[PDB]
Amino acid sequence: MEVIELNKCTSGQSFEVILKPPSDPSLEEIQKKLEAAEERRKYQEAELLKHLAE
Amino acid sequence: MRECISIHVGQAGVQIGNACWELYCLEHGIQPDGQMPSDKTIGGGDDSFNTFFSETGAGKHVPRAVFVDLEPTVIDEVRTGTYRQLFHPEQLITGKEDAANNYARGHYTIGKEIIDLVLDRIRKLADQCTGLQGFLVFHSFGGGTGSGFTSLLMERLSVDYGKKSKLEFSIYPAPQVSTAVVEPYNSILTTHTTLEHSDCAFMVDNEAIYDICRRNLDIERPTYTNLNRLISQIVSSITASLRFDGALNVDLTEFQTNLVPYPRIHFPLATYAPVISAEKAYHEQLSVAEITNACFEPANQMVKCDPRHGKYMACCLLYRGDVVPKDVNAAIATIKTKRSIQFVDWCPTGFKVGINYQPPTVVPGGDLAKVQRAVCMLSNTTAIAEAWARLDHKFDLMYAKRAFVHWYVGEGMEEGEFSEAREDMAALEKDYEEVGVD
Amino acid sequence: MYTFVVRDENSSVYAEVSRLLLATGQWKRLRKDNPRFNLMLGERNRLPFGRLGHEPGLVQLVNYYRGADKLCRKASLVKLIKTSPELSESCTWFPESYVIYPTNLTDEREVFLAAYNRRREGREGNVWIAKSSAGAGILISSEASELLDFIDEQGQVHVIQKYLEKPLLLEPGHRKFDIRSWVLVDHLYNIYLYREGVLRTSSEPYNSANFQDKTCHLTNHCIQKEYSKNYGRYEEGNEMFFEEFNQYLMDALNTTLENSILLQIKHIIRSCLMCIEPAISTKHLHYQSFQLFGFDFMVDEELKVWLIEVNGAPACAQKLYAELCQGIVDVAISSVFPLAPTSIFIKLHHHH
Amino acid sequence: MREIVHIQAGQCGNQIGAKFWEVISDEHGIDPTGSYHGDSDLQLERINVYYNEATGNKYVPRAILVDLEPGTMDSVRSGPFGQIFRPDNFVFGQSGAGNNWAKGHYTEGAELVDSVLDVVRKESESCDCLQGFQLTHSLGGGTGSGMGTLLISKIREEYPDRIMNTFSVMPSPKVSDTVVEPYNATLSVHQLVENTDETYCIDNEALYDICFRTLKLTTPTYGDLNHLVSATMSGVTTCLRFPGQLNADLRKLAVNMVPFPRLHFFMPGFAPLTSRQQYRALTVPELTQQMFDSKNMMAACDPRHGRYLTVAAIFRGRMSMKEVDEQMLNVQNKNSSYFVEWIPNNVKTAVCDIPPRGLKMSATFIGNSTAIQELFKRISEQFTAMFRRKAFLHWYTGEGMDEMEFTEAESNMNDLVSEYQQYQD
Ligand SMILES: Nc1nc2c(ncn2[C@@H]2O[C@H](COP(=O)(O)OP(=O)(O)OP(=O)(O)O)[C@@H](O)[C@H]2O)c(=O)[nH]1
Ligand SMILES: Nc1ncnc2c1ncn2[C@@H]1O[C@H](COP(=O)(O)OP(=O)(O)CP(=O)(O)O)[C@@H](O)[C@H]1O
Ligand SMILES: Nc1nc2c(ncn2[C@@H]2O[C@H](COP(=O)(O)OP(=O)(O)O)[C@@H](O)[C@H]2O)c(=O)[nH]1
Ligand SMILES: [Ca+2]
Ligand SMILES: [Ca+2]
Ligand SMILES: [Ca+2]
Ligand SMILES: [Mg+2]
Ligand SMILES: [Mg+2]
Ligand SMILES: [Mg+2]
């Protein structure tokens, strides 16, 4: 039950108590993911209009 | 002094952000017009509150915050609310139509067309920072914007601010305050693409906030205002160290250092007490030992789970009010001899304690009663994995039938991103079991 | 209309409970994976406790205490008694036991030999028994070499404890036995002892000079009915009930089952369960737990009661399935889910 | 400003649509001339969802009236609120559709569809942000069925990413104008499977039985059937017309009600339904017991024959929201054998403080039930009873159609039935 690193100031204090010791994707790669999903949307919509055109 | 920029995404983040900045102002003595009489340095200063508030020559104290929603209704409240004068227009960003609770819609379809805008507005706040620490991102798991757009924003922040820290306050989905059936999908999609981009995440289960409001506040049908006023008390306790003089958790880095020895396991459990109903004429003021003991009761945890059946990796006690170190260690001693507190063998069995003499501020007319002392315990327990298990199980039930999956595929998402996200959660639950179970 | 699920088809006990529940016309059974339920008769292994108590407007009750395995595991119980100050290492009603991991894997090997050498030098009886939870696989021996070598040949943790060389023998027969007591703990953590116990007796005369033939040393109902040739001779199914056993203690020993044995049993049950209450209690939990336990005791020639093991999924004596199972619906289920005596249990009052 | 464009087509479409605007115009304080005269701001909060604002604080519905004959629309223009509809939004021909799906879809209808789409485009261009469209029509006639579905196909081509919603009256031999209604309905139901996000199935038989048995109406009339449709339409749209966060925005509703793209045909329900003991107060339990009762459901399907994929309930009036949750969570927890267990929390509830005219409180039921297949089964059987003999086909082959197109519509609906069947097990 040890207290360590006691720091006190005008608005409070902070300390530590030890009971027992122990025993990314680049900007380019994000635009590609975004544009890839935008392309599949454009493809899916293209098949819808082709369906409607028929 | 190093600055912290807050980012609120979606309806949950924006309404929760509102409650926090209302509370922050009452705490630092900032009036709705932005004026702060106590600040004797007009239009400048590197005080502790300057980490969250910038200043103008006119003496206005402006939050370092950005509000982002794909629909204008929620953010319009801020523009005409009590604290409309705190922010300037650039800080509030709104779209025309929302993500319809569709992760793929917020991350891809709509997100792609507004992502760089949030970044530009953020850059503007960063340009006022002489030493930016990082970001605090508030969002929900279940919303289309909260889930979808947030994960895209985190990916870009890691690119545009590599060395900066990023913390989350995330709303875990709760059927009692939700009408969306697909929130499990969204929650798991956003956790998979955000995991490697967040250094510390404080999950708040709406189920827990809901029950605390009914049990302790005697609210029969808690509203969002009730849920947010209480969530901002917990958030205030967690961010207080960054806004007040102190030596514990003085920068966002210290949160990872003191609470996250393993990077993927960065979801500390929060526990707050006391929550007292203001309608009570007068309440027997609780002691340091009693409120500390309450930190180990499931009834006031931000996520309902049983820490008795997990292993702690870290533990911070954040006291506010009439509390001296002598009382703290006395209660801790007793709690150890009665409570089941099992730490991981590769982490010390100890507690970092922070005391702020200013007791919790209560919003006038709010639901919480003024108390002489309160505490928030931040403990990284393997028990919080119970929340991942519940959510992953709901995901499996629907995904096994591919129910609702066509909505996500139709917005440009590939079906394989579902199982890719799910296998990552399977790996997250395994990490918790390897660390906690024998 | 209450609802419940069944996730352990192999439970003869709760099979009857589910049979009685449906007979009440006020309980409806649901599929094993339907989350909207009031009562879960859960599986034995890996019961998903973390998914309980998260259904809006449903008080959920499960038939297993999370964490009670610490008491119902051979090695776990030994660790619990030696490390729990409430039980202490000097516990007088639990045989001197040690945890021994096979050498192919803390461990108490050297600690076991130390006490073993002490007995060998002191002319004292030095007969130990090795067993584990992965058995039907038990070995009784007086040589430490055989005991340790037997465990190394296996691959699971084992426990070596003192073999009771002076067990109380029934007459006529000169035969060993054990006592099974069923204990039901409810959501409020009341400890109820079933007024009906059973003696699982050996139909073979106890022989202290041959631990090789384990038919007269192991009173398991399956061993007696398989390797014992006098099965059912003295009592039906090698099962004596409290009424008979009590009359015997009076005629033979001039005492009662209550004074000589039952007080110690009730004290042991209290001590064991009260010890772990802070760890498994569901008093302030988002769901509620109850569980049925099967304690097994030994009695020596001095009428001292020794605890053998605790069973988490115990079976019942055929003659007592109806009385007990209904008793489970009364104090465990209907106590939280009431329906629109002279209790068959004995309340063991204690300080929570 | 999430505006919705309303379209009503044909005799049935325009008569039901009229009563609808009559009902909600009252709930929002709009009088027959478009002048607001309410007493609550909640009336005008989301007024722009269905109404345009004109000069002099005038509110003009965003509705387009379509028919191939003048008769019905002439009545609307002389009806109670006829003066509130934009004059230019009346688009109509003179030939008629002769209850012929082919005439509405390929010949007569085709000659008039472009002019209708000119008005849609005009109303859309004025929308700050268009949520989508809602169409009212029957499936058993010619205009609302044949041309109605022709309009959806074209509206979807020009607005591919907007929500398409319909209130579709389904024909029944018990309430029938002509024997070819099953032909027209089977042709439309395939259009809807492809081109609508949400379709509220409204069986005229259920409406009739409700009027005869429950409402105790000796001789029902279309007017009586339309009172039920008016109230139901007002109920299911309450989420949209008032301040709320549940089911608001057509796409969010579709995202939480449609687990599979083709299984988007809903069963509506309303409570109360009292016969003139009409002043008695109705308790929350009663509202819930009835709203879920089959005799209050307007699809003519027994829910206990299938399973609910999702359910959306709307309670209106000043009541105990705590008590609402309790009774809803009681129906579910008392009949969970009828809710699919692979969609957690598939029953959602919303409360609204403004009640319908003359009711302390009411409840509207919106269920995506697999029991709806019973409805498509009826139509399918009635269809094949005639088509196997090619009876009455000459009306359609004479307008340019081929028998092959009938065989396909047949197979397309029998497929839709098998789809509902596999998700019921
Ligand atoms: N605690 C709390 N939870 C909220 C609040 N607002 C919404 N939620 C929760 O957030 C989830 C829904 O996500 P939203 O935040 O509304 O969605 P969004 O981020 O606005 O994205 P959209 O789908 O485009 O609307 C549900 O689980 C709600 O319970 C709030 O103000 N406080
Ligand atoms: N230390 C000891 N002294 C004397 N007998 C012992 C003993 N340990 C075990 N036994 C004998 O072994 C039997 C019980 O074995 P144990 O309970 O450990 O195995 P098990 O769990 O597979 C049987 P059950 O669980 O049904 O009681 C008893 O009949 C008892 O006579
Ligand atoms: N509920 C209801 N159904 C109607 C009404 N008028 C016609 N119907 C039904 O609609 C079908 C006839 O379609 P109708 O609208 O008259 O054809 P259209 O004018 O060419 O589109 C028949 O099944 C009628 O039962 C009405 O006012 N209300
Ligand atoms: Ca200053
Ligand atoms: Ca990073
Ligand atoms: Ca012509
Ligand atoms: Mg939103
Ligand atoms: Mg056993
Ligand atoms: Mg007609």
Side-chain angles (χ1 to χ4, degrees), chain B residues 1 3 28-30 34-62 64 128 130 243, chain C residues 44 68-69 71-78 129 131-138 156 158-159 161 178 180 200 218-223 293-297 307-315, chain D residues 8-16 67-75 96-101 103-104 137-148 169 171 175-181 184-185 204 221-223 225-226:
Chain B
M1 179 275 306
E3 303 83 349
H28 302 296
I30 302 180
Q35 290 298 335
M36 179 185 182
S38 60
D39 181 6
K40 301 309 174 185
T41 39
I42 300 295
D46 56 354
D47 305 324
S48 287
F49 66 89
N50 285 127
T51 61
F52 279 50
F53 292 92
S54 67
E55 302 189 22
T56 75
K60 173 184 295 181
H61 299 64
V62 186
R64 307 186 187 266
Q128 281 187 102
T130 42
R243 293 177 286 110
Chain C
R44 303 181 189 88
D69 50 307
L71 205 62
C72 310
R73 247 61 185 178
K74 302 292 206 307
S76 305
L77 176 56
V78 175
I129 178 176
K131 48 187 177 177
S132 64
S133 293
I138 294 75
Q156 59 281 347
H158 276 78
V159 297
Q161 68 172 183
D178 72 325
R180 161 61 61 81
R200 291 172 288 187
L218 291 64
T219 60
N220 298 319
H221 187 276
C222 73
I223 300 182
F293 297 94
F295 288 81
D296 301 330
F297 300 104
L307 179 65
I308 293 307
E309 79 157 14
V310 191
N311 290 264
Chain D
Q8 44 190 72
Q11 187 178 357
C12 182
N14 278 269
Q15 298 184 150
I16 278 181
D67 203 356
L68 286 161
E69 64 185 10
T72 299
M73 285 177 39
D74 271 354
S75 290
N99 294 281
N100 188 320
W101 192 86
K103 281 192 172 184
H137 67 147
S138 67
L139 306 181
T143 298
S145 183
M147 184 184 180
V169 173
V175 184
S176 161
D177 288 346
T178 68
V179 296
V180 300
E181 291 163 357
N184 302 324
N204 252 14
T221 74
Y222 281 123
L225 278 51
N226 296 334

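In listed order, ligands and their atoms are each counted from 1. Numbers restart at 1 for each chain; the letters A, B, ... are given by sequence-line order, proteins then strands.
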Q. Should we count CZ of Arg243(B) as having more than 12 external heavy atoms under 6.0 Å?
A. yes

> Can you tell me if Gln15(D) uses its side chain to pair, donor with acceptor, with the backbone of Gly10(D) under 3.5 Å?
Replying inline: no

Taking 2.8 Å as the strict upper bound, the Mg ion (ligand 8) has protein N, O or S neighbours numbering 1

Protein-side N, O or S atoms sitting under 2.8 Å from the Mg ion (ligand 9) are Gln11(D) OE1

Look at the side chain of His221(C) and the backbone N and O of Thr219(C), then say whether any donor-acceptor pair between them is shorter than 3.5 Å.
no

query: Hey, is there an N, O or S on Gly44(B) sitting under 3.0 Å from the Ca ion (ligand 4)?
result: yes

Here the side chain to side chain donor-acceptor pair (under 3.5 Å) pairs for residues 44-54 of chain B, sequence neighbours left out, are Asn50(B)-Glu55(B)

For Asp39(B), the salt bridge (charged side-chain N to carboxylate O under 4.0 Å, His left out) test, sequence neighbours excluded, returns none

Among N, O or S atoms, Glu55(B) approaches the Ca ion (ligand 4) most closely through OE2

Practice problem: Take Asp178(C) and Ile308(C) through the test side-chain contact (heavy atoms from CB on, under 4.5 Å) and record every step on the way to the result. | Solution: CA-CA 9 Å; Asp178(C) 72 325; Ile308(C) 293 307; 5.8 Å; no

**Q.** Polar side-chain atom of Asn184(D) near backbone of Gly142(D) as donor-acceptor pair, under 3.5 Å
**A.** no

Once you measure the plane-to-plane angle for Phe297(C) and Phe295(C), does it fall in the parallel (<30°), tilted (30-60°) or perpendicular (>60°) bin? parallel

Would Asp47(B) count as a contact for the Ca ion (ligand 4), in the sense that one of its N, O or S atoms lies under 3.0 Å from it?
-> no

> Are the side chain of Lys40(B) and the backbone N or O of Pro37(B) linked by a donor-acceptor pair below 3.5 Å?
Replying inline: yes

With rounding to 10 degrees, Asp39(B) OD1, the Ca ion (ligand 4) and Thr41(B) OG1 define an angle of 70°

- request: May I ask you to decide if the ring planes of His28(B) and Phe53(B) are parallel, tilted or perpendicular, using 30° and 60° as cut-offs?
  value: perpendicular

| said: Tell me whether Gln8(D) contacts the main-chain N or O of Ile16(D) through its side chain, where contact means a donor paired with an acceptor under 3.5 Å. | reply: no

